[PDB]
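>>> Opening piece of the complex, as it sits:
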Amino acid sequence: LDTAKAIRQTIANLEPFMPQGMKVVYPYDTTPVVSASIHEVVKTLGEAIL
Amino acid sequence: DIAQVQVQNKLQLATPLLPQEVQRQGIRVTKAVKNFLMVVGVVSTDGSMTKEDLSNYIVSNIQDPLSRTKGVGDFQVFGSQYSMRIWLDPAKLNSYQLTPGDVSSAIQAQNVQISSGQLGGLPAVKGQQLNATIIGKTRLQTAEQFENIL
């Protein structure tokens, strides 16, 4: 998660100098499951404590 | 970190026994995981840039920076950076009795970046007032400059 956020950040510090007909995209990408994973348990944490 | 140091510690015992064309190509030792974490692609908006134009972009401006973004173990660019490619024609080549090793050679005598010293050079004679850099031969950059190689 850190190294992924670090990357979104290195590129975003580069987009402004990118040419015109050009956008940065994210084909494959493993982090989202992870965010979804715990975020989804945090979700269940609250349901149970309730 | 100890691993990497140990491999490379041994790796640099082979290195010299390796063929030059391989040493010259730059070897990479990395300490990273097996899975790709991700990939960052680039695509043309006004559809004006080829597969190859996007690749020269990545390796030429982004790749290093990611190379050094805390935590990137290793990377793979599905593409390449530009290169001054010289496509040899064996017919024209026969015409003047030339060989690739002739053109590989001219390129090494004519597309160079020599140390040339300077006027005010040290050590200098007593009295010398002027000093400037002497820029001799430089590297080409444009097809045109290579096209015109003697």
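On my side now, so go ahead. Numbering: from 1, shown residues only, chains lettered A, B, ... in the order given.

>>> what sits against residue A:14?
B:61, B:62, B:65 (CB atoms under 8 Å, 6 or more residues apart in numbering or on different chains). From N, CA and C alone the C-beta is placed, and that goes for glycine too.

>>> near chain B, which residues of chain A?
Listed as neighbours of chain B in chain A under the rule CB under 8 Å from any CB of the partner chain: A:2-4, A:6-7, A:9-11, A:13-14, A:17-31.

>>> Regarding residue A:19, what is its secondary structure?
The three-state label given to residue A:19 by DSSP: H, G, I helix; E, B strand; the rest coil is coil.

>>> how deep is it tucked in, by neighbour count?
Residues near residue A:19, counting by other CB atoms under 10 Å in any protein chain shown, number 15.

>>> Restricted to helices, list the residues of chain A next to chain B.
A:2, A:3, A:4, A:6, A:7, A:9, A:10, A:11, A:31 (DSSP state H).

>>> Which one of these is nearest to chain B?
residue A:3 (3.3 Å; CB to the nearest CB).

>>> any idea what sits nearest the closest one, other than its immediate chain neighbours?
Counting by CB to CB, 6 or more residues apart in numbering or on different chains, residue A:3 lies nearest to residue B:71, which is 3.3 Å off, once chain neighbours are set aside.

>>> Can you list phi and psi of the one you found for me?
As for residue B:71, its main-chain torsions (degrees, to the nearest 10) stand at phi 100, psi 0.

>>> before we move on, what about the one 4 residues further on?
Here the main-chain torsion angles of residue B:75 (degrees, to the nearest 10) amount to phi -140, psi 160.

>>> any idea how far chain A is from it?
10 Å (CB to the nearest CB, to the nearest Å).

>>> can you redo the ones in helices among the residues of chain A next to chain B as CSV with neighbour count?
Below are those laid out as CSV (neighbours: other CB atoms under 10 Å in any protein chain shown):
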residue, neighbour count
A:2, 9
A:3, 14
A:4, 19
A:6, 15
A:7, 23
A:9, 12
A:10, 18
A:11, 18
A:31, 17
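
>>> Chain C follows; place it on the structure:
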Amino acid sequence: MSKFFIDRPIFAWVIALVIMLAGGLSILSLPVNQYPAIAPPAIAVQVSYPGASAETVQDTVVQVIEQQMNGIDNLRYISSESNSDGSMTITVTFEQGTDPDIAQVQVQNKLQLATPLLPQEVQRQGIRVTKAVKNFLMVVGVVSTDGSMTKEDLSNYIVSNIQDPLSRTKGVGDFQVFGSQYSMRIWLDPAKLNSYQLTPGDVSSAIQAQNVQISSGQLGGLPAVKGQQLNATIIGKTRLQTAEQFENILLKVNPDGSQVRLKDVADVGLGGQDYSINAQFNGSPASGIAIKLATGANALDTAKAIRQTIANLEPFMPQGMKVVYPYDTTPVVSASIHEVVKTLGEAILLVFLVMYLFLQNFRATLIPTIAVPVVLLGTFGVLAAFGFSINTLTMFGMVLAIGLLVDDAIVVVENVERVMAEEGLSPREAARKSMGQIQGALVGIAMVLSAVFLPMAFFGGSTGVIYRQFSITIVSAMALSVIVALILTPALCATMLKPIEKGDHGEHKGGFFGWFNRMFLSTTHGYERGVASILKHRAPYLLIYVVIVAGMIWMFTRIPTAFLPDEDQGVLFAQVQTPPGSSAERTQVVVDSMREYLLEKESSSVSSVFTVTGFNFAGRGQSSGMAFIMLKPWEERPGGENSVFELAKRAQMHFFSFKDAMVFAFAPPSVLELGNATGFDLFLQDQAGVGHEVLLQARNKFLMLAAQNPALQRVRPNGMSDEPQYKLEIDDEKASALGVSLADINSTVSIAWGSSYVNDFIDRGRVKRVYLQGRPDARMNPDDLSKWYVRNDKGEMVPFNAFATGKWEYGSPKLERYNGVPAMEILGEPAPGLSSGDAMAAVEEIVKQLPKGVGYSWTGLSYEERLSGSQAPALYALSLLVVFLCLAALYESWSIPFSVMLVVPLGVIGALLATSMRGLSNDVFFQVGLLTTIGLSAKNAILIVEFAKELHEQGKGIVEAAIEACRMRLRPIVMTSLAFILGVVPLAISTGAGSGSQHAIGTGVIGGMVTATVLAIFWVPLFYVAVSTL
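Adding chain C to the chains above:
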């Protein structure tokens, strides 16, 4: 716990006994050095590509190494310079904390991988990688009193005789000789070479031929023939050694039989390898070493050991060779250990006095004298555990601790002493009784104080390392001080104090003591009354409290903020930059019209000058010069007029008359390792290959724009400016049409002008380098090349003027890059009264007028302050929230904690007042001093509240509880403040080595101590009653 050790004085003594052993066995396994590692650890990758130009070095060496520098742990950023002298540096930068030895190795490894991608010529040179922190222990210098030896000579010596042993000298870490070994020098004559139709390249291939140790196998190797019986290695010939042997390596023989020896075409003599840099001691030829302290070493012991080792070498040193120690950080380190053991000693002496004067009994006077030293020994052990060292910061952090150490003792003893007096209880009984009273409070205050000093520690960066020292050593002592105030001291009180006749306050003793007790007895009665007065007419006072506050804030928004005090190190720098194009010979004088000047007109303050041609702080080149103006010990040059900061002003003005060479004076930074302490630091960067020239439009627009911006000042680009460079055009059309190759021309221009490092000979043992290039008068001016010919198809020498042509253009004398792309650094600073933050603000807007494809990023201290700056809110608020919660626990109340927190301002006003009133700045010492002063203050408040709450709960109304509380607390407070102020006075008015730090610390606690003492003794009871009334 405390009632446990009152009955166990021996056990209690055993604890103290191992605190003392641990601390003593620790004070001598402990490293001793000026500062911890403040700078972010950096690694320097270096090489000189002889005869090279900034562009060849950058594109042939630096870029390729940068392209494979990655996959490296804790890398903050990378930065490099390619120079006109063929040298370069690539400094990688990691987080503070990065393991240096590991960071290094990660960088040389990937260097290793890149080395085969480099020109064969740089590969041969080496490319040294090394740890680049600027924390030099001392710096010697082998200077020739006369003129017998040159810079090159002196060097080879230091590395032939002075080096190897110095490395075996205990404590010595890294060191750099100002120079390399001897290099066999061959200066080819274009004329004496054209006359035999010979070319430099004939010499190189030749030199190589007649100078190569041949393996030569064995005389009986394996397999062997049946028998032999005798096997012996066969040792062939060895490589050349003497200048003569080199003058012999024949090149060709004339048909008439006559032969041509190398001597027949050029000179031959041992010499320097690289002449780029020149250096003289007060004007005499010189070299030297720059040493660092080995990990864990003793700054003091090594200095002795260096001077030791050197001495045993001075006898045999040639006539004229004088060793010398221009710069040494030992005097400041030593004059800091004393200037602490002295204050520590005085403190315990002063405490005795105040302890007597008031308590009038020697026994009670012994206790504080036991505990304070116990605790001070402990702390060292505790630092040892933590891995800290005995440095400038850890020590002063001890000085600051003293108020708090002396305090814990005094409160414990004064309060037993008092209980015995009021209730006629006995030592034992009183001792239990006191500790029943306080005790929680002290655990309470140990917590609250940790919550006031710990958050600092959590700062990232450089300001984080400094603060972490003060923080960890202050709170270690504090925590120890409390432990000992709970185990030992109460035990010592029960054991060592005699009883007092209940109600006896000695107002009868007559004489001085007789007078004093009546005086103080009345003074107290006065105070309870004032306090009682205030507790009647409150609002008006709460009112005035609001004005104490508002004044604090306002007083904050007016005090000059700084990183660290303006220390007078015995040194001052002087940067010399002559006009672009200037020859070293020119610059050499521009730096002498200074030396002669400094060394003489300023003899009152100047001892010797160390000057250099070729090197500078903006760049390198013949137009780049500098002088390292030493100074004699602080002692032998008092009075502001002879301050490094005053010497400057003079030095400057003189140099002012210099419409021919930019000259500047400036005292070095407070902590060298960091350099630029005040201002901002950033790189302008081409993040789109826009190009040098474009990029340079940026740095010039940036500059002449930011200077229309009334938020910045002194904005100077850091690197160099393009000068004129003599380009060479080669018409190959006439080259191939003249029978002259093209590779032979290049080899000609390289191996004759730029120089060529060809072979490795053998010099008096070790191996050194053979250098081949044209004799001086053959490579000075554009016509000099016309002097050089090359053989053709046959053997017709073709002069360089028959196909080559000249042409002057503009080029970079110094190329820089930051994170892989070309870049340009700009310094400067904030406008008077404005903060570095504001300054970055203006800049964050300027940058927006940039050309397309140019970006920027902060570096160095601006990179850092931008990170620490952002956590402060969080830290400041955790500090408040835990002090709150701990006082809530102590008093069993959500509101009463407010009646001691509201003393913060009370004391911080007198600090702002005293410091501003003395012209000092809001720096490190002031800030940590302000936490110390407010810690003690709040301890005074806490106890008062605590007592009152007790009185209050044992059946007395709020205002009556507050009056009694303050009356009971006054003697304690007056004693610790009376004694703590006087302890610091000597720092407040000190002079000499390190006096600048001692002031930044004395001026702050005195002010904070005075106002805080006198004001909290009046407003806390107000606060306490004011909030209980709500």
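
>>> Re-run the earlier check on the neighbour count of residue A:19 with chain C in the model.
When neighbours are defined as other CB under 10 Å, residue A:19 has 16 of them.

>>> what's the spacing between it and chain C?
8 Å.

>>> Equivalent analysis for residue A:17, please.
Applying CB to the nearest CB to residue A:17 and chain C gives a distance of 4 Å.

>>> Likewise for residue A:31?
Taking CB to the nearest CB, one finds residue A:31 at 20 Å from chain C.

>>> Would you confirm that that residue contacts residue A:6?
No. Look at residue A:31 against residue A:6 with CB atoms under 8 Å: they stay out of range, at 11.2 Å.

>>> Give me the common contacts of the two.
By CB under 8 Å, 6+ apart, no residue touches both residue A:31 and residue A:6.

>>> which bits of chain A sit near chain C?
Counting by CB under 8 Å from any CB, chain A sits next to chain C at A:13, A:14, A:16, A:17.

>>> Buried by neighbour count, from these: which ones?
By neighbour count, with 16 or more other CB atoms under 10 Å in any protein chain shown, the residues of chain A next to chain C hold A:14, A:17 as buried.

>>> Now the two most distant members of the residues of chain A next to chain C.
A:13 and A:17 (9.2 Å; CB to CB).

>>> which neighbours do those two share?
With CB under 8 Å, 6+ apart as the test, residue A:13 and residue A:17 both reach residue C:855.

>>> Now for residue A:29: which residues touch it?
Applying CB under 8 Å, 6+ apart, the residues near residue A:29 are A:4, B:38, B:39.

>>> how near is it to chain C?
With CB to the nearest CB as the criterion, residue A:29 and chain C are 21 Å apart.

>>> who's that residue bridged to?
Beta bridges link residue A:29 to residue B:38, judged by DSSP bridges.

>>> Let me know whether residue A:15 touches residue A:25 as I believe.
No. The criterion here is CB under 8 Å, and residue A:15 misses it with residue A:25 at 11.7 Å.

>>> ok, so of the residues of chain A next to chain C, who is nearest chain C?
residue A:17 (4.3 Å).

>>> then chain D, please:
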Amino acid sequence: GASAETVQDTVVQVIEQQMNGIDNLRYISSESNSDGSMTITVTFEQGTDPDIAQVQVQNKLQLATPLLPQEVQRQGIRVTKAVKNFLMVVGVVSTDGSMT
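With chain D added, the chains above now look like this:
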């Protein structure tokens, strides 16, 4: 091709300069042979982390290396931990004498 005396004047001696000053150094012992071989053995106090003393070793040598003969710099100095004792030998013997 060089004598034990060369191996020492142009190699070992130089590498030893860099080895002085290393953390937790007990002693260093080197040997120069007449077959072009050498060994510098650098010894450290117990408790010293050996992975890290090697790295300090590599870091120091890298500064001697350029001052070595180019016949070595192209070669490659070997750096390894130093165990004084063999644990065992695993030999191989031919019975019918089929293999020498």
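
>>> so, the contacts of residue A:14 revisited with chain D in the model?
B:61, B:62, B:65, C:687.

>>> what's the residue of chain A found nearest chain D in contact with, if anything?
Nearest to chain D, among the residues of chain A, is residue A:3, at 25.1 Å (CB to the nearest CB). By CB under 8 Å, 6+ apart, residue A:3 lies in contact with B:37, B:69, B:70, B:71, B:72.

>>> Recalculate using a threshold of 10 Å.
A:31, B:37, B:38, B:69, B:70, B:71, B:72, B:73 (CB atoms under 10 Å, 6 or more residues apart in numbering or on different chains).

>>> Ok, residue A:20 next?
Contacts of residue A:20 (CB under 10 Å, 6+ apart): B:44, B:45, B:46, B:48, B:49.

>>> do residue A:8 as well
By CB under 10 Å, 6+ apart, the neighbours of residue A:8 are A:24, A:26, A:31, B:38, B:40, B:69.

>>> Now for the second one: which residues touch it?
Put plainly, it is residue A:26. A:4, A:7, A:8, A:11, A:32, B:38, B:39, B:40, B:41.

>>> can you rerun that using 8 Å?
Contacts of residue A:26 (CB under 8 Å, 6+ apart): B:38, B:39, B:40, B:41.

>>> What of the first one?
For residue A:24, the contacting residues are A:11, A:15, A:18, B:40, B:41, B:42, taking CB under 8 Å, 6+ apart as the criterion.

>>> repeat that for 10 Å
Counted by CB under 10 Å, 6+ apart, residue A:24 has contacts A:8, A:11-12, A:14-15, A:18, B:40-43, B:57-58, B:62.

>>> again, but for the third one
Applying CB under 10 Å, 6+ apart, one finds that residue A:31 lies in contact with A:1, A:2, A:3, A:4, A:5, A:7, A:8, B:37, B:38.

>>> Show me how far stretch A:7-25 is from its chain's centre.
16 Å (CA atoms, centre = their mean, to the nearest Å).

>>> Thank you, goodbye.
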